[PDB]
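For reference, protein.cif is printed below; it contains mmCIF, C-alpha atoms.
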```cif
data_start
loop_
_atom_site.label_atom_id
_atom_site.label_comp_id
_atom_site.auth_asym_id
_atom_site.auth_seq_id
_atom_site.Cartn_x
_atom_site.Cartn_y
_atom_site.Cartn_z
CA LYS A 1 0.00 0.00 0.00
CA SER A 2 1.21 3.44 -1.07
CA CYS A 3 1.29 6.04 1.69
CA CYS A 4 2.22 9.66 1.00
CA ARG A 5 3.37 12.71 2.86
CA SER A 6 0.98 15.10 1.10
CA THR A 7 -1.79 15.33 -1.49
CA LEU A 8 0.87 16.67 -3.84
CA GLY A 9 2.73 13.42 -3.06
CA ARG A 10 -0.38 11.50 -4.07
CA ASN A 11 -0.90 13.20 -7.44
CA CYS A 12 2.76 12.91 -8.27
CA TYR A 13 2.46 9.27 -7.29
CA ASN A 14 -0.73 8.33 -9.15
CA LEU A 15 0.63 10.06 -12.27
CA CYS A 16 4.10 8.47 -12.06
CA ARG A 17 2.60 4.97 -11.89
CA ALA A 18 1.38 5.34 -15.48
CA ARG A 19 4.99 5.11 -16.67
CA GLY A 20 7.01 4.05 -13.62
CA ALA A 21 7.27 1.18 -11.20
CA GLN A 22 6.17 1.20 -7.57
CA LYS A 23 9.55 1.79 -5.94
CA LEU A 24 10.77 4.38 -8.43
CA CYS A 25 7.61 6.42 -7.87
CA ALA A 26 7.60 5.83 -4.13
CA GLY A 27 11.07 7.41 -3.89
CA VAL A 28 10.44 10.22 -6.37
CA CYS A 29 7.15 11.44 -4.86
CA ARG A 30 8.20 10.85 -1.24
CA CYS A 31 5.73 8.06 -0.58
CA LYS A 32 6.17 4.77 1.28
CA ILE A 33 4.93 1.26 0.56
CA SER A 34 3.79 -0.64 3.64
CA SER A 35 3.12 -4.30 4.33
CA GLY A 36 0.03 -3.81 6.50
CA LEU A 37 -3.33 -2.62 5.14
CA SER A 38 -3.26 0.67 7.10
CA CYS A 39 -1.15 3.71 6.22
CA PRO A 40 1.15 5.25 8.85
CA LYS A 41 0.22 8.53 10.59
CA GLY A 42 3.13 10.27 8.85
CA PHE A 43 2.00 9.07 5.38
CA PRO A 44 -1.81 9.36 5.46
CA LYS A 45 -2.34 10.52 1.89
CA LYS B 1 -4.27 -18.26 4.40
CA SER B 2 -4.09 -17.15 8.03
CA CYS B 3 -5.07 -19.80 10.56
CA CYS B 4 -5.25 -19.04 14.29
CA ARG B 5 -5.27 -20.87 17.57
CA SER B 6 -8.11 -18.83 19.07
CA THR B 7 -10.58 -16.02 18.39
CA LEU B 8 -8.26 -13.84 20.46
CA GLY B 9 -5.57 -14.89 17.96
CA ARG B 10 -7.83 -13.71 15.16
CA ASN B 11 -8.55 -10.25 16.57
CA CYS B 12 -4.91 -9.73 17.42
CA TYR B 13 -4.16 -10.82 13.88
CA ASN B 14 -6.73 -8.75 11.97
CA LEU B 15 -5.70 -5.69 13.99
CA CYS B 16 -1.93 -6.24 13.57
CA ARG B 17 -2.29 -6.42 9.77
CA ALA B 18 -3.24 -2.73 9.70
CA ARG B 19 0.35 -1.85 10.59
CA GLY B 20 2.32 -5.09 10.25
CA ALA B 21 3.25 -7.64 7.64
CA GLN B 22 1.87 -11.17 7.36
CA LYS B 23 4.75 -13.04 9.00
CA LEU B 24 5.33 -10.55 11.80
CA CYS B 25 1.65 -10.77 12.76
CA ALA B 26 1.49 -14.52 12.25
CA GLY B 27 4.27 -14.98 14.84
CA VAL B 28 3.02 -12.34 17.28
CA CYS B 29 -0.61 -13.54 17.43
CA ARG B 30 0.25 -17.25 17.25
CA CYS B 31 -1.29 -17.81 13.84
CA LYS B 32 -0.02 -19.83 10.87
CA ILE B 33 -0.04 -19.16 7.14
CA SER B 34 -0.81 -22.21 5.02
CA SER B 35 -0.38 -23.00 1.34
CA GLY B 36 -3.65 -24.88 0.87
CA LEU B 37 -7.08 -23.21 0.94
CA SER B 38 -8.20 -25.04 4.12
CA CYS B 39 -7.06 -24.21 7.65
CA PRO B 40 -5.60 -26.95 9.87
CA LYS B 41 -7.64 -28.48 12.71
CA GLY B 42 -5.27 -26.91 15.25
CA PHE B 43 -5.67 -23.41 13.71
CA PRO B 44 -9.36 -23.18 12.80
CA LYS B 45 -9.91 -19.53 13.69
CA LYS C 1 -3.07 -23.03 -14.22
CA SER C 2 -3.56 -26.61 -13.06
CA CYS C 3 -3.89 -29.16 -15.86
CA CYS C 4 -4.63 -32.83 -15.14
CA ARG C 5 -4.37 -36.16 -16.84
CA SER C 6 -7.83 -37.35 -15.76
CA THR C 7 -10.97 -36.36 -13.87
CA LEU C 8 -9.64 -38.52 -11.05
CA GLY C 9 -6.54 -36.30 -11.25
CA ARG C 10 -8.80 -33.28 -10.87
CA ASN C 11 -10.67 -34.48 -7.78
CA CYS C 12 -7.47 -35.60 -6.15
CA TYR C 13 -6.11 -32.18 -7.00
CA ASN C 14 -9.01 -29.99 -5.85
CA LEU C 15 -9.15 -31.96 -2.60
CA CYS C 16 -5.38 -31.87 -1.95
CA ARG C 17 -5.33 -28.06 -2.29
CA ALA C 18 -7.36 -27.77 0.92
CA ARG C 19 -4.31 -28.91 2.89
CA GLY C 20 -1.41 -28.86 0.42
CA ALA C 21 0.48 -26.43 -1.75
CA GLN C 22 0.30 -26.19 -5.53
CA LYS C 23 3.45 -28.12 -6.40
CA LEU C 24 2.98 -30.87 -3.82
CA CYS C 25 -0.52 -31.53 -5.16
CA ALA C 26 0.54 -31.16 -8.77
CA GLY C 27 3.08 -33.98 -8.31
CA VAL C 28 0.87 -36.20 -6.16
CA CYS C 29 -2.22 -36.11 -8.42
CA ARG C 30 -0.24 -36.15 -11.69
CA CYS C 31 -1.22 -32.65 -12.75
CA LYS C 32 0.87 -29.88 -14.31
CA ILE C 33 0.97 -26.13 -13.72
CA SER C 34 1.38 -24.08 -16.89
CA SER C 35 2.36 -20.48 -17.55
CA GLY C 36 -0.12 -19.83 -20.37
CA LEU C 37 -3.88 -19.55 -19.85
CA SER C 38 -4.66 -22.70 -21.89
CA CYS C 39 -4.16 -26.28 -20.70
CA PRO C 40 -2.12 -28.71 -22.82
CA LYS C 41 -3.84 -31.45 -24.87
CA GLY C 42 -2.31 -34.10 -22.61
CA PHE C 43 -3.62 -32.40 -19.43
CA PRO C 44 -7.11 -31.18 -20.37
CA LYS C 45 -8.84 -31.88 -17.07
CA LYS D 1 1.21 -4.77 -18.62
CA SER D 2 1.74 -6.03 -22.17
CA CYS D 3 2.47 -3.32 -24.73
CA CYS D 4 2.84 -4.12 -28.43
CA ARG D 5 4.26 -2.59 -31.54
CA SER D 6 1.26 -3.42 -33.73
CA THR D 7 -2.19 -5.01 -33.75
CA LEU D 8 -0.51 -8.02 -35.35
CA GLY D 9 1.75 -7.99 -32.27
CA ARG D 10 -1.35 -8.06 -30.10
CA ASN D 11 -3.03 -11.03 -31.79
CA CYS D 12 0.21 -12.96 -31.83
CA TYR D 13 0.51 -12.09 -28.17
CA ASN D 14 -3.01 -12.91 -26.98
CA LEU D 15 -2.83 -16.21 -28.85
CA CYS D 16 0.65 -17.16 -27.58
CA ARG D 17 -0.44 -16.67 -23.95
CA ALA D 18 -2.74 -19.69 -24.27
CA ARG D 19 0.33 -21.95 -24.37
CA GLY D 20 3.27 -19.72 -23.45
CA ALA D 21 4.51 -17.61 -20.59
CA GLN D 22 4.59 -13.82 -20.46
CA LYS D 23 8.26 -13.29 -21.33
CA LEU D 24 8.43 -15.93 -24.05
CA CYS D 25 5.44 -14.34 -25.79
CA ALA D 26 6.65 -10.81 -25.16
CA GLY D 27 9.88 -11.59 -27.04
CA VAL D 28 8.29 -13.64 -29.81
CA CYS D 29 5.54 -11.14 -30.71
CA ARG D 30 7.71 -8.05 -30.18
CA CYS D 31 5.80 -6.77 -27.17
CA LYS D 32 7.06 -5.27 -23.91
CA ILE D 33 5.95 -5.72 -20.31
CA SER D 34 5.98 -2.51 -18.27
CA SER D 35 5.85 -1.79 -14.55
CA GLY D 36 3.56 1.24 -14.75
CA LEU D 37 -0.14 1.04 -15.64
CA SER D 38 0.28 3.01 -18.91
CA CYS D 39 1.76 1.64 -22.13
CA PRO D 40 4.63 3.49 -23.84
CA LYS D 41 4.03 5.56 -27.00
CA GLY D 42 6.10 3.08 -29.01
CA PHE D 43 4.04 0.09 -27.76
CA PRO D 44 0.44 1.36 -27.71
CA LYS D 45 -1.27 -1.83 -28.87
#
```
Write out the structure in this file as structure tokens.
Amino acid sequence: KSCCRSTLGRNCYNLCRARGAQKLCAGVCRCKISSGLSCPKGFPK
Amino acid sequence: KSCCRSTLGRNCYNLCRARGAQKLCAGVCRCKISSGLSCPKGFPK
Amino acid sequence: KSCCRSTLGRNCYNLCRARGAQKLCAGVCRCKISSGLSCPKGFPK
Amino acid sequence: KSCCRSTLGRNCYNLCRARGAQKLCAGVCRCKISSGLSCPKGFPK
């Protein structure tokens, strides 16, 4: 699950995923990919 | 498939999965993850 | 995709999968697991 | 996601996948498998 720092981080992320992989986009937009089903408090978006 | 020892093991497991991975939670709640589609007799819940 | 030699191979396979993994069951029931979406002519069931 | 050079590349690809794996077919039909959700401009089909 993709968890982001901000809404801007979300856009950037949803839009990167068209062309890029999960990890490339995660790193580029400043988003995290968790194991659980819930998104951390620091990456709500 | 996640198989648990007790109902308490289930709660603990369903609630751990928000934040934690499969294996961390499996170990912590005293649940097992099988290959088949059916849950062992010892881990029904 | 699970492809079997006979209907008996299918039963044995669908019933093994409750308790066992894919490969254990494949080998035990005399079924094959293909990459494609179509099942070989020799393993129709 | 499977992206192809031409419609012919698509047919060849959809029809190979019955019997063959992803990568074998990708290579044989002259199609690419991307990470993103969007297909490159050079492999639209």
> So which one's closest to residue C:22, B:45, B:2, B:37, B:9? Using all atoms listed in the file, please.
Replying inline: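 Once distances to residue C:22 are computed over all atoms listed in the file, the minimum belongs to B:37.
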Hey, which bits of chain D sit within 10 Å of chain A, and for each residue what's the closest pair of atoms and how far apart in Å (one decimal), counting only C-alpha atoms, rows by chain and increasing number, as CSV?
```
residue,atom,partner,partner_atom,distance
D:34,CA,A:19,CA,7.8
D:35,CA,A:21,CA,4.7
D:36,CA,A:19,CA,4.6
D:37,CA,A:18,CA,4.6
D:38,CA,A:18,CA,4.3
D:39,CA,A:19,CA,7.2
D:40,CA,A:19,CA,7.4
```
> Could you state the separation of atom CA of residue A:10 and atom CA of residue A:41 in Å, given to one decimal place?
Replying inline: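 These atoms are spaced 15.0 Å apart.
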> At what distance in Å, to one decimal, does atom CA of residue D:28 lie from atom CA of residue C:32?
Replying inline: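 Result for atom CA of residue C:32 versus atom CA of residue D:28: 23.6 Å, one decimal.
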> Suppose you want the space between atom CA of residue D:11 and atom CA of residue D:27; what is it in Å?
Replying inline: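 About the pair atom CA of residue D:11 and atom CA of residue D:27: they are 13.8 Å apart.
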>> Here's the selection I'm unsure about, the PyMOL selection byres ((chain C and resi 31) around 6); applied to the file above, which residues does it give, as a PyMOL selection string?
In response: chain C and resi 3-4+26+29-30+32
Using C-alpha atoms, give me stretch 2-42 of chain D from the structure I just pasted, as an mmCIF file, in the first residue's frame.
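Output (selection.cif):
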```
data_model
loop_
_atom_site.group_PDB
_atom_site.id
_atom_site.type_symbol
_atom_site.label_atom_id
_atom_site.label_comp_id
_atom_site.auth_asym_id
_atom_site.auth_seq_id
_atom_site.Cartn_x
_atom_site.Cartn_y
_atom_site.Cartn_z
ATOM 1 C CA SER D 2 1.744 -6.028 -22.166
ATOM 2 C CA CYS D 3 2.470 -3.320 -24.727
ATOM 3 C CA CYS D 4 2.842 -4.123 -28.428
ATOM 4 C CA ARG D 5 4.265 -2.587 -31.544
ATOM 5 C CA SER D 6 1.262 -3.423 -33.735
ATOM 6 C CA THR D 7 -2.186 -5.014 -33.751
ATOM 7 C CA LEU D 8 -0.507 -8.016 -35.347
ATOM 8 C CA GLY D 9 1.753 -7.985 -32.272
ATOM 9 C CA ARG D 10 -1.348 -8.062 -30.098
ATOM 10 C CA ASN D 11 -3.027 -11.030 -31.786
ATOM 11 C CA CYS D 12 0.207 -12.960 -31.833
ATOM 12 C CA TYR D 13 0.514 -12.088 -28.166
ATOM 13 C CA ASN D 14 -3.009 -12.906 -26.976
ATOM 14 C CA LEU D 15 -2.831 -16.215 -28.852
ATOM 15 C CA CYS D 16 0.654 -17.156 -27.581
ATOM 16 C CA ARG D 17 -0.437 -16.673 -23.954
ATOM 17 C CA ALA D 18 -2.737 -19.694 -24.267
ATOM 18 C CA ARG D 19 0.328 -21.947 -24.374
ATOM 19 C CA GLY D 20 3.274 -19.719 -23.454
ATOM 20 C CA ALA D 21 4.511 -17.614 -20.586
ATOM 21 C CA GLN D 22 4.594 -13.823 -20.464
ATOM 22 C CA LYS D 23 8.260 -13.292 -21.329
ATOM 23 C CA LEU D 24 8.430 -15.935 -24.049
ATOM 24 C CA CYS D 25 5.441 -14.342 -25.792
ATOM 25 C CA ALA D 26 6.647 -10.810 -25.155
ATOM 26 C CA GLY D 27 9.884 -11.592 -27.035
ATOM 27 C CA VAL D 28 8.286 -13.641 -29.810
ATOM 28 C CA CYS D 29 5.538 -11.137 -30.709
ATOM 29 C CA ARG D 30 7.713 -8.048 -30.177
ATOM 30 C CA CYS D 31 5.796 -6.772 -27.170
ATOM 31 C CA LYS D 32 7.058 -5.271 -23.907
ATOM 32 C CA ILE D 33 5.949 -5.717 -20.306
ATOM 33 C CA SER D 34 5.980 -2.509 -18.274
ATOM 34 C CA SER D 35 5.852 -1.788 -14.555
ATOM 35 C CA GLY D 36 3.560 1.241 -14.746
ATOM 36 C CA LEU D 37 -0.140 1.038 -15.644
ATOM 37 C CA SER D 38 0.277 3.007 -18.909
ATOM 38 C CA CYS D 39 1.757 1.639 -22.134
ATOM 39 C CA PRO D 40 4.626 3.491 -23.840
ATOM 40 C CA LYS D 41 4.028 5.561 -26.998
ATOM 41 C CA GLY D 42 6.096 3.080 -29.011
#
```
